[PDB]
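Along the sequence shown, the residues carry numbers beginning at 1.
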Amino acid sequence: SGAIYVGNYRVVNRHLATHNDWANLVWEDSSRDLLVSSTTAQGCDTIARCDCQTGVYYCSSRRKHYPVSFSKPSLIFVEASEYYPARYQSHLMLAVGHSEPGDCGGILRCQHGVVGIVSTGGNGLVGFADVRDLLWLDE
Ligand SMILES: Cc1cc(CC(=O)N2CCC[C@H](C(N)=O)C2)ccn1
Ligand SMILES: [Zn+2]
């Protein structure tokens, strides 16, 4: 679990969105596994606006942060699950590292701020849904 709080927005994995998230929906994209809902309280997370390929992610299944090198956002095939059939997930970045399904929502950060959130895994690769292109999260 986990989310990004920036301004009046809450960014979560779409497959983990709550009833309140859908009742206050701003934007959602199934192909990216992202959903953004509105909030009453102001958020203070900073979104990175960069092309970094190195950062640190929080892994709840180990209560640890790990430094990783990750690929640029791209279309990657993701196996079927109870939330989606087999498809290509867009804007996804991969790194060599540990993750379990419950790690989704963990933040990936670089020196400039929040890069994305844990969204996929398996076979020793962790995938993160990028948020750096969503310039409207700041305005
Ligand atoms: C972080 C993680 C997730 C899994 C499982 C995984 O990849 N799923 C299941 C949940 C939805 C995901 C998606 N974005 O389509 C795909 C296994 C290890 N680590
Ligand atoms: Zn950066």
query = Rounded to the nearest 0.5 Å, how far apart are CG of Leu25 and CG of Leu35?
reply = 5.5 Å

Steps toward side-chain hydrogen bond (donor to acceptor under 3.5 Å, both in side chains) verdict (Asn20, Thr18) = CA-CA 5 Å; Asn20 183 70; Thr18 70; 5.1 Å; no

query = Between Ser99 and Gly122, which heavy-atom pair has the shortest distance, and what is it?
reply = OG-N, 4.5 Å

inquiry  = I'd like to know if the side chain of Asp29 reaches the main chain of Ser31, judged simply by a donor and an acceptor atom lying under 3.5 Å from each other, with no hydrogens or angles considered.
reply    = yes

query = Is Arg49 salt-bridged to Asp133, cutoff N-O under 4.0 Å?
reply = no

ask   = With a 4.5 Å heavy-atom cut-off, do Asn8 and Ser38 have their side chains touching?
value = no

inquiry  = Side chains of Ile4 and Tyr9, heavy atoms from C-beta outward: is any pair under 4.5 Å?
reply    = no

key: Check against side chain to side chain contact (heavy atoms under 4.5 Å, CB included), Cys52 and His112   = CA-CA 9 Å; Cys52 282; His112 309 98; 3.5 Å; yes

query = What is the minimum heavy-atom distance between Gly102 and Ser60, and which atoms define it?
reply = O-OG, 3.6 Å

message = Quick test of your reading of the model: are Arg132 and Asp51 salt-bridged, counting only N-O distances below 4.0 Å?
response = no

query = Just wondering, do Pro67 and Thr54 contact through their side chains at under 4.5 Å, heavy atoms?
reply = no

message = Measuring from atom OG of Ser90 to atom CD1 of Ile76, what distance do you get when rounded to the nearest 0.5 angstrom?
response = 10.0 Å

request  = Return yes if a side-chain donor-acceptor contact under 3.5 Å exists between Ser119 and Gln89, otherwise no.
outcome  = yes

task = Taking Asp45 for its side chain and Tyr5 for its backbone only, find out whether a donor-acceptor pair lies under 3.5 Å.
result = yes

key: Atom pair OH/CZ of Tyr58 and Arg109 - distance to nearest 0.5 Å   = 14.5 Å

inquiry  = Could you check whether any side-chain heavy atom of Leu34 comes within less than 4.5 Å of a side-chain heavy atom of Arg14, counting everything from C-beta outward?
reply    = no

note = NZ of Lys72 to CG of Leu92, rounded to nearest 0.5 Å, is 16.0 Å

inquiry  = I'd like to check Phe128 versus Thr120 (side-chain heavy atoms, cut-off strictly below 4.5 Å). Are they in contact?
reply    = no

key: Side-chain touch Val36/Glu28, heavy atoms, less than 4.5 angstrom   = no

inquiry  = Are the side chains of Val26 and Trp136 in contact, using a 4.5 Å heavy-atom criterion?
reply    = yes

ask   = Can you name the closest pair of heavy atoms from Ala3 and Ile107 and give their distance?
value = O-CD1, 3.9 Å

inquiry  = Check this for me: does any side-chain nitrogen of one of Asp21 and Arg10 sit under 4.0 Å from a carboxylate oxygen of the other?
reply    = yes

ask   = Same cluster or not: are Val11 and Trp27 linked, directly or through other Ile, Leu, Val, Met, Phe, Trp or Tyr residues, by side-chain heavy atoms under 4.5 angstrom apart?
value = yes

message = Tell me the closest heavy-atom pair linking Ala86 and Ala80, and the distance in Å.
response = N-CB, 3.5 Å

ask   = If you look at every heavy atom in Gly55 and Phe70, which pair is closest and at what distance?
value = N-CE2, 3.7 Å

query = If you measure from OG on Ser61 to NE2 on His98, what distance do you get to the nearest 0.5 Å?
reply = 3.0 Å

request  = Could you go through the side chain to side chain contact (heavy atoms under 4.5 Å, CB included) check for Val131 and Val115 one step at a time?
outcome  = CA-CA 6 Å; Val131 300; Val115 171; over 6 Å; no

query = Where the side chain of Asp138 meets the backbone of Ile47, is there a donor-acceptor pair that is under 3.5 Å apart?
reply = no

query = With a cut-off of 6.0 Å (strictly less than), are more than 12 heavy atoms of other residues, nucleotides or ligands near CD of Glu79?
reply = no

request  = Kindly assign one of parallel, tilted or perpendicular to the pair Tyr66 and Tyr57, based on the angle between their ring planes and the thresholds 30° and 60°.
outcome  = tilted

note = Taken to the nearest 0.5 Å, the spacing of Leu75 CG from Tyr88 OH works out to 8.0 Å

request  = Would you indicate whether the side-chain heavy atoms of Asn13 and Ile117 approach each other to under 4.5 Å?
outcome  = yes

query = Which residue pairs pass the salt bridge (charged side-chain N to carboxylate O under 4.0 Å, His left out) test with at least one member in residues 90-105, sequence neighbours excluded?
reply = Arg62-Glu100

ask   = Going hydrophobic residue to hydrophobic residue with side-chain gaps under 4.5 angstrom, can you get from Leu108 over to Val114?
value = no

inquiry  = Under the criterion side chain to side chain contact (heavy atoms under 4.5 Å, CB included), I'd like the reasoning laid out for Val68 against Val56: C-alpha separation, chi angles, the key distance, then a yes or no.
reply    = CA-CA 6 Å; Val68 281; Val56 174; over 6 Å; no

note = Smallest heavy-atom separation, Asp130 atom then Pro73 atom, equals OD2-CG, 3.7 Å

task = Walk me through it: do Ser37 and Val12 pass the test side chain to side chain contact (heavy atoms under 4.5 Å, CB included)?
result = CA-CA 8 Å; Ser37 60; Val12 290; 5.7 Å; no

